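No value in this document is a laboratory result; all are computed from the given coordinates. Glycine gets a Cβ as well: all are built from the backbone with ideal geometry, and neighbour counts include every protein chain shown.
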Amino acid sequence: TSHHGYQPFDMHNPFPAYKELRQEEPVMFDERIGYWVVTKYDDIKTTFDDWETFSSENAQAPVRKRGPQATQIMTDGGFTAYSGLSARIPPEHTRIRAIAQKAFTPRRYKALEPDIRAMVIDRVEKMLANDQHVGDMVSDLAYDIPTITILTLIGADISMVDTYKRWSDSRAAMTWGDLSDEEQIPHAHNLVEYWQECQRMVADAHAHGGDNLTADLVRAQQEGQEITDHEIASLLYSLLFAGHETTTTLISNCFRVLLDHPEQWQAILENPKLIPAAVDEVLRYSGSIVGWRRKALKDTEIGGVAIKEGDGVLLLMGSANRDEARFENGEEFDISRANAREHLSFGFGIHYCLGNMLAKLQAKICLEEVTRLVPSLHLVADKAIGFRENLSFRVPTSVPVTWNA
Ligand code: HEM
Ligand SMILES: CCc1cccc(OP(=O)(O)O)c1
Ligand SMILES: CCc1cccc(OP(=O)(O)O)c1
């Protein structure tokens, strides 16, 4: 009953609280986290657009202050990473991003769609063959696929899938979790390991070359592009976290939300050409990220409310995606929604998601082939899906399902 019901870290059903915030206090200061909480769509899209007033430099600063022990651990481990791009500000961001998109060329996207599809069918069949005819859409399908894709694109061993998810859970907990000074210690070590592997791969590209993003970036350095080895390594640190966890969550939510609405799963079975629009509606209705942070570089206003220089802003895009002023019946999941692409789950402006297409790519491929091979798929029960507490990432821990077999 406090802060209009908003619980910053509970990710199981924040949408009722989002709804009353939009009506009662659209720009609310939450002392429990230190942020101005913004919930209406215009307000949020405007804040994204004016990057010159609202810096993103705190997007990767931890919500809870790093404790003495994690600070010593990461310092003694040589951890010098902050942010590949998402918390970089111009001129550094502009300069580094343009070099990144000259290696993130969308031909690589569409060139190896077939090996994505061949890998889904592999995973779908192994799920359909086991003692119990019950599966988990996260571990059985959505855990591997985007991870292997991003490891193949950058040049990591695809045998290290469990190391990179262990490093992802750490980064997602260290930075947006409600961690104590003890609880940072195990993730502190993981981030040190993760940063040292990012640096090990960059030195590898100098020495032995390759055929991949890591090689291409160093290859652009050798050809005169203004990007250092600390920035090459920071670009891997960004892509080897953001490049799969959000996409794992999107795939898991595709089956979570479509199986909660069997009528639209049934329409997806009828017509697999509706699948792309379904993904657009899942992204609006259940985004992987519900909140993203910014920092006021000067005294300003959001929606009439005065905000001091240096104040932190939390843009609740999960709330914006249901604003009745932009989405009629915003709280209903409807894959036929005409303007679902107006959603802000990939952001807006100079930090827009670099791999939005690569994520939607694998989301559509997973629906296309799971609806075909397993058209009778459905949830086990109604109350069997929990979400890890976080400020930004709303990750379902499991999507338990069964089928006709
Ligand atoms: C699967 C669903 C995904 C969602 C919902 C998502 C969401 C976001 C959001 C909210 C931002 C910040 C936008 C802003 O501040 O303006 C962002 C930026 C970014 N995303 Fe994604 N993302 C997803 C997948 C991916 C994938 C697959 C990749 C790479 C393969 C990726 C890489 C990045 C990078 C590098 C940035 C920072 C770009 C910059 O700061 O210029 N993300 N994403
Ligand atoms: C416990 C309910 C309550 C009572 C008084 C103030 C208040 O304000 P808030 O906690 O800052 O939202 C809440
Ligand atoms: C999903 C957007 C995102 C999230 C976390 C890190 C990141 O990359 P980085 O901040 O540049 O290291 C991107």
Revision key, fill the gap. Output for Cβ contacts, cut-off 6 Å, separation at least six or different chains, first residue farther than 22 Å from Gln101 by Cβ in the stretch 337-358, second more than 16 Å from ligand 2 (Cβ to nearest atom), reads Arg337/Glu281; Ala340/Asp280; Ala340/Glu281; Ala340/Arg284; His343/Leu283; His343/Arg284; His343/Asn321
Exercise for review: For the stretch 366-386, name all the residues that are within 22 Å of the chain's Cα centre (by Cα) and farther than 25 Å from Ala277 by Cβ.
Suggested key: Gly386
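Counting residues that are without any contact (Cβ under 8 Å) to a residue 60 or more places away in the chain and basic (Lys, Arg), which helices (runs of 4 or more DSSP H) fully inside the stretch 93-170 reach at least 2? Give the derivation first.
Numbers: elements: 106-111, 113-127, 145-154.
Helices (runs of 4 or more DSSP H) meeting the threshold: 106-111, 113-127.
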Practice item. Filter the stretch 342-381 down to the residues that are among the polar types (S, T, N, Q) and assigned to a helix (DSSP H, G or I), then identify the one that is farthest from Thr249 (Cα to Cα). Key: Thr371
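If you take just the helices (runs of 4 or more DSSP H) that sit entirely in the stretch 7-91, which of them hold at least 1 residues that are under 22 Å from the mean Cα position of the chain (by Cα) and among the charged types (D, E, K, R)? Before the answer, list the steps.
On the way: elements: 15-24, 41-49, 68-76.
In the stretch 7-91, the matching helices (runs of 4 or more DSSP H) lie at 41-49.
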Check your understanding: Taking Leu373 and the conditions (1) crowded, with 17+ Cβ neighbours inside 10 Å; (2) more than 30 Å from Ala173 (Cβ to Cβ), which numbered condition does it fall short on, given that it satisfies the others?
Key -> (1)
Study note, to complete from the structure: Here the residues within the stretch 201-214 that are over 25 Å from the mean Cα position of the chain (by Cα) and either in a helix (DSSP H, G or I) or β-branched (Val, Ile, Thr) (or both) are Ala203, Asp204, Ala205, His206, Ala207, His208
Point to revise | Any pair with Cβ under 9 angstrom, 6 or more apart, that starts in the stretch 1-27 at a residue that is closer than 12 Å to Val37 by Cα and ends at one that is within 16 Å of ligand 3 (Cβ to nearest atom) and small (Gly, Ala, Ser) | key: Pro8/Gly291; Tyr18/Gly318
Review point. Is one or more of the residues making up the stretch 343-354 away from ligand 3 (no atom under 14 Å from the Cβ) and over 14 Å from the mean Cα position of the chain (by Cα)?
Key: yes
Point to revise | Residues (small (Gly, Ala, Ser), more than 16 Å from ligand 3 (Cβ to nearest atom) and surrounded by fewer than 24 Cβ atoms within 10 Å (Cβ to Cβ)) located in the stretch 265-294 | key: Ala267, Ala277
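In the stretch 110-152, how many are under 18 Å from the mean Cα position of the chain (by Cα) and either crowded, with 21+ Cβ neighbours inside 10 Å or not polar (S, T, N, Q) (or both)? Steps first, answer last, please.
First pass over the stretch 110-152, keeping only residues under 18 Å from the mean Cα position of the chain (by Cα): 137-139, 141-151.
Narrowing the set further to residues that are either crowded, with 21+ Cβ neighbours inside 10 Å or not polar (S, T, N, Q) (or both) leaves 137-138, 141-151.
Residues in the stretch 110-152 being under 18 Å from the mean Cα position of the chain (by Cα) and either crowded, with 21+ Cβ neighbours inside 10 Å or not polar (S, T, N, Q) (or both): 13 in total.
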Exercise for review: Scan the stretch 321-330 and give yes if some residue there is more than 16 Å from ligand 3 (Cβ to nearest atom) and either of a type in the set (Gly, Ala, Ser) or touching a strand residue (DSSP E or B) at 6+ places or on another chain (Cβ under 8 Å) (or both), otherwise no.
Suggested key: yes
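Going by what's in this entry, would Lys19 be described as within 14 Å of ligand 1 (Cβ to nearest atom) and among the charged types (D, E, K, R)?
Numbers: within 14 Å of ligand 1 (Cβ to nearest atom): no; among the charged types (D, E, K, R): yes.
So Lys19 does not fit the description; no.
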**Study point:** Selection count, the stretch 16-44, where residues are over 17 Å from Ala296 (Cβ atoms), within 12 Å of ligand 2 (Cβ to nearest atom) and surrounded by 21 or more Cβ atoms within 10 Å (Cβ to Cβ)
**Key:** 1
Point to revise | Subset tally (residues that are out of contact with any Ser or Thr (no Cβ under 7 Å at 6 or more places or on another chain), farther than 15 Å from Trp167 by Cα and either within 16 Å of ligand 2 (Cβ to nearest atom) or among the aliphatic types (A, V, I, L, M) (or both)) for the stretch 72-90 | key: 1
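Which one is surrounded by the fewest Cβ atoms within 10 Å (Cβ to Cβ) among residues in the stretch 153-181 that are of a type in the set (A, V, I, L, M, F, W, C) and more than 16 Å from ligand 1 (Cβ to nearest atom)? So that I can check it myself, show each step before the final result.
If we filter the stretch 153-181 for residues that are of a type in the set (A, V, I, L, M, F, W, C), which is where we start, we get 153-154, 156, 158, 160-161, 167, 172-174, 176, 179.
Next cut, more than 16 Å from ligand 1 (Cβ to nearest atom) only: 160, 173-174, 179.
Values: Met160: 16, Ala173: 22, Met174: 22, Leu179: 22.
For the stretch 153-181, the residue satisfying everything is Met160.
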